[PDB]
RNA sequence: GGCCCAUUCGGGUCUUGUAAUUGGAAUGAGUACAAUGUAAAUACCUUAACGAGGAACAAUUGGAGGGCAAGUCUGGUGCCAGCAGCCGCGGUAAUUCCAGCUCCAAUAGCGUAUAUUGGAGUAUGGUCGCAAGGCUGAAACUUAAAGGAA
Ligand SMILES: Nc1nc2c(ncn2[C@@H]2O[C@H](COP(=O)(O)OP(=O)(O)OP(=O)(O)O)[C@@H](O)[C@H]2O)c(=O)[nH]1
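Protein chains in written order, with my numbering: chain E, 972 to 1334; chain L, 2 to 52; chain X, 77 to 125; chain V, 2 to 288; chain F, 18 to 367; chain A, 397 to 442; chain B, 2 to 50; chain Y, 844 to 946.
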């Protein structure tokens, strides 16, 4: 009897599949969308499962006929070069984001070429993955990671291509100690426009600078206009803002795209205000950057790692994150309050499981 | 044909018989000369250089 | 006993492998082969580089 | 000058690979002292002599591990390796910290000794101290010293150079002489141990006591053939073993099992340092 | 709330801009002798940080997070232990319990460099069983000894090289790479004898779930009608369809003359036309080099010596020579394969 | 068809192997020879 | 031979003509082929002149 | 070459040129070693392909100077060091089969 | 036939070669009896009896140079060149094979590493920087008047 670890619900599907892949334990995810109008897996979820089968080897993924049951027995992470065509329901970021968890621990390097819609409202954008998540991987030890935008495709027609290359095959992430709050050196950003007039980027930049002129820090937002065949099919625009710490190296980001029939200055002010909200709610990492750091301190070596998190940062998705991690890795995060009474911050201490990269060939 | 087969199998069991005689009847498994001297992989050397 | 049963299937596998080790090589595991040594039209079924 | 160049060279010798110890400084486990030899060398009498010297108690029957408070802060788990089982030799070579390697001085080296040395070398090298017995069987003193030097040189070829090959004269009253056992215990006390990679990565445990918890009524109802529930008592070595049940372990020679229950127990052979300059007779304990 | 929704929750834009018209909320944030001693200092710093955190945690949660620390006397209760262990328990034989890292539970194909031991007399044979002591486990398996044809493939070897390391592949429990191991042919005191018992030593380079090992396949043909640079070749194939799949292939002569398969002859069926760089001889043999996949046998026989009553004289799969002597069969010999003394006359020409 | 595919793949593999080996040898030569030249300049100075 | 074992320099023995092909005579190798080809090329060069 | 010492100690980082096809080339024999006292990464020669099996990753090695007497045809100039010992046992004795690696 | 010199052409010289067989003699290491020795013992001195043909009673350490395959890799202006080759096709009681390939030097000694008694011009699949490309207006538009070419 394999004695599958059983999960319920379509929540955290990618997280459960990836954590099963890293821990090597077989899982059974049951009753996903059991009573709905259209029960079963979504097409983008089946595409993600095919992506996992593509990047791994010797992994048995079983889907029931009804689609309400997934049986996953993980295998060796092998990597390699491949091309993945994302469906129209989801952008490329929905498939790129789980690969950052699996990337440094493969037998061969990830060089994956994703084709589909580049940006959307609910998922990660290219600038988001490049400048928010990859600095955290670099801090945990991934020296060489890169994401090239060959083509950029806005919704709904799509037509963009993005290339993910991870050249740092490490044994295990380093133990992390970030008790102190970082201080932000500057604010940068990218305001991009595809297949639309090139004044919208300047208009968004003026709208964002309207909000951020009060800051004493320098605000530099680059104008990225895509011309030609690289522009993709359907028209769109959008801005991504990242605030960077020069000394420590952390980065806090917000992003959005413009929907049909909206003024660019309103989008610029919205993105600037969401950036400031993330600085206010964030202590050391963003709420969107947090699962990367938590899983990395979990899979680090058997040492205590400390990462300061914020009173607002503890919330529902963090709770279900910690519960899934405790279900799979049997790891509990001890939470210690910071002795400073000025701000209610809490140190998260995680003992690493001692995970190591056994896929890499020593020779 | 079967006479040839008996001849060759007789030769083989004879060789194993001399091996079974060559192994010692004493309980103690003594070290052999190669393990004792630990000469290693050496070239052929002239007898003139011994003296 | 469970261990006794596992010993039974292990002995079964051992005896099968003994027959496989004694038995003659396949024509493709033979080093040099002619058409007389092969079965007829084998190279159409098998793929070789 | 020449002294400075020699200082640079010995500094280069003192340089070593940095590596994490993973050893508890507060309550370290006893060091596994494994007595390995050909079938007639004197392992049982050597363990008798060492236990007689350390805990002041003689043991008529020696079997399984023996835990002994050797010094103030050191305990030794003596295990006499069965001479006729290569699987036993493999398990001992994987778990042993100090290996007392018994060589019959009169007969010379044996294949069992050489096999154990090579297994230990390939898996992970423990600290090896040689003990040469049966030197009383020699008739001539010149032949005795010549065989002594021959054994020492071959032993130095096998083990690292400078490893001690202790010499035991002979049994007087069914045990080895007290001064020789005193010097041997001094050598064991002054030895220093370095952590090996496999033992620093995996948790392991040499079983001190084995017991059966299955219900005899259950046995009577379903016959003798059923699987038995088994409790195993011992000192934990290596990395910490997880507190939650379900941890997967391999028992060398039995198979793979998952831990169903685990509990800490008070120490049966505690050190006098944790109890609290010369070691006391009340402090010398045996388990 | 799903973590599939990468963008976190936010309030309305109007309320957000009304709250963030001011900026005073976040104004506070904006504004050794040797390398060896340095590494030891970093290790000691991490160890003392671990000690301080474990100290400041409560002891119950300390036990939960750390686990049972080494040097702790523990009782561990197992279920499903086999009956023969308790029945034949002998206190002299040790009991060793070692925890398994997650990789070591898995079973797959282990690739390892391996050499025949110096004091072991005979070489080892491909698909001939060997008891490996890898990790905590000892288990009998069938390895395949391979080579790289100057780093171009993994080609099967019939035997281990004497005095040399070779790549080997076997089925068993996976282990972490860079793990050393030993291999012994016999563990039975009825079989020991005077010989040195340790047969192989090695270290694990790579683990995988499959491997592609090839064995060389030479297709052998003969010339029956030879011209200048063109020959008609026989006995390589059995039909023109077989020829037509292999048309355009490199072939060569035992002399060394290179050529190409060109067309299939109509009659008789197996014959074909070939073009060479020189005139060949009726004494020549034409060879075509191809490669055939070899599958690693999946045999896992653990050494459960403690469950036995004797606790020695453990038996497993036998060596091929032992099986041949047991079933009274003769070693397979090829008359053309034997080496003979070759005498050449002086080569004259008209 | 299979013949054309095999020939193209083998040509690409051989060219990539040659490029990789030349890159390794050139980097080793440049950096290590620079260090060797600096040390020899130091020795001829002293 | 600075760093070569004497077991690396073993003699690889030459294989003979097959007994079914013994009617055709001696099995040529590269050493025989070179003599044959050199003789032909010398004859053809002087014939060309 | 090394600071004030005839020999140095290092940790083997990787073996360069094991994916090269030609046996006993200098690229086949190159090994990258990080010296203990400085952390500098230098390339050394393993004497033979036979000793390259004995050299493994993360072992401690003892490096001496290489010292070419004449310019060989296929050598790599620039590599200045050679591996003398590994794991406290000399590579020549391991190659000549007089010793086994302690690990 | 062996050897010596010499860029080659060549020249100088003369009981040499043999992994061929065979004969008895010698004795040291050792094994070991005694006495001597000394409070006693060791050791020393003396010392009967045994103690060699693979004299297996089994000397090392370094250097130089080959040669071999139905074997492998790389580059090509057929048959070549280079790097090399414990890996060949069968076979491990299986095979007696360049017979264990030849030669050199020191010898219970013998190696390694480190320390010490410029002019002129090529090559560069390394690093860094600069590039190079498109009729312009003209792109999200095949889109005007002008040109630019023609
Ligand atoms: N003469 C002499 N006999 C010794 C010496 N050492 C041990 N013995 C003999 O060894 C015998 C005891 O055997 P054991 O104590 O069991 O030795 P062992 O090697 O552990 O043997 P097993 O336990 O049976 O495997 C005694 O009767 C002694 O005669 C010694 O130094 N001199």
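Heads up, the beta-carbon is just placed ideally off N, CA and C, and yes, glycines get one too.
Determine the chain B residues that contact residue i at a beta-carbon separation under 7 Å, and present them in chain order.
i                      : result
residue 890 of chain Y : 4
residue 357 of chain F : 17
Residues in its own chain within less than 8 Å of residue i by CB, not counting five upstream and five downstream?
i                       : result
residue 179 of chain F  : 133, 140
residue 184 of chain F  : 128, 129, 130, 131, 162, 163, 164, 165, 171, 222
residue 1217 of chain E : 1156, 1157
Apply the 10 Å Cβ neighbour rule to residue i and answer buried if 16 or more other Cβ atoms are within range, or exposed otherwise.
i                       : result
residue 189 of chain V  : buried
residue 111 of chain F  : buried
residue 1028 of chain E : buried
residue 953 of chain E  : Since the displayed chain E opens at 972 and closes at 1334, residue 953 of chain E lies outside it and no answer follows.
residue 267 of chain V  : exposed
residue 73 of chain F   : exposed
residue 260 of chain V  : buried
residue 34 of chain B   : buried
residue 120 of chain X  : exposed
residue 1018 of chain E : buried
residue 293 of chain F  : buried
residue 1126 of chain E : buried
Please list, in chain order, the chain F residues whose beta carbon lies closer than 8 Å to that of residue i.
i                       : result
residue 1154 of chain E : 46, 47, 48
residue 862 of chain Y  : 168
Please list the partners that residue i has in chain B, where partner means a Cβ-to-Cβ separation under 9 Å.
i                     : result
residue 45 of chain L : 7
Run through chain E and tell me which residues come within less than 9 Å of residue i, C-beta to C-beta.
i                      : result
residue 243 of chain V : 1301
DSSP beta-bridge partners for residue i?
i                       : result
residue 173 of chain F  : F/163
residue 1119 of chain E : E/1134
residue 78 of chain X   : Answer is none; residue 78 of chain X lacks a bridge partner.
residue 223 of chain F  : F/128
residue 248 of chain F  : F/243, F/291
Going along chain L, which residues have a C-beta under 7 Å from residue i?
i                      : result
residue 940 of chain Y : 41, 42
Within its chain, find whatever has a CB closer than 7 Å to the CB of residue i; leave out the 5 residues flanking it on each side and keep chain order.
i                      : result
residue 987 of chain E : 978, 998, 1000, 1295
residue 282 of chain F : 249, 288, 289, 290
Can you name, in chain order, every residue of its own chain whose Cβ lies under 6 Å from the Cβ of residue i, other than the five neighbours on each side?
i                       : result
residue 42 of chain V   : 103, 105, 134
residue 39 of chain L   : none
residue 204 of chain V  : 239, 240, 242
residue 1105 of chain E : 1116
Please find out if some non-hydrogen atom of ligand 2 comes closer than 7 Å to the beta-carbon of residue i.
i                     : result
residue 81 of chain V : Ligand 2 is not part of this structure, which contains only ligand 1.
Under 9 Å between beta-carbons, which chain X residues line up against residue i? List them in chain order, please.
i                      : result
residue 335 of chain F : 90, 94, 97
Going along chain Y in order, which residues have a C-beta closer than 8 Å to the C-beta of residue i?
i                      : result
residue 197 of chain F : 946
residue 22 of chain V  : The premise fails here: residue 22 of chain V is roughly 17 Å from chain Y at the closest Cβ pair, so nothing lies under 8 Å.
residue 220 of chain F : 899
Mind listing the chain Y neighbours of residue i? Cutoff is C-beta to C-beta under 9 Å, in chain order.
i                     : result
residue 17 of chain V : 852, 879, 903
Using a C-beta to C-beta distance shorter than 7 Å, which residues of chain F count as neighbours of residue i?
i                       : result
residue 1241 of chain E : 30
Can you pull the chain F neighbours of residue i, defined as C-beta to C-beta under 9 Å?
i                     : result
residue 84 of chain X : Per Cβ cutoff of 9 Å: no residues; residue 84 of chain X is ~13 Å from chain F at best.
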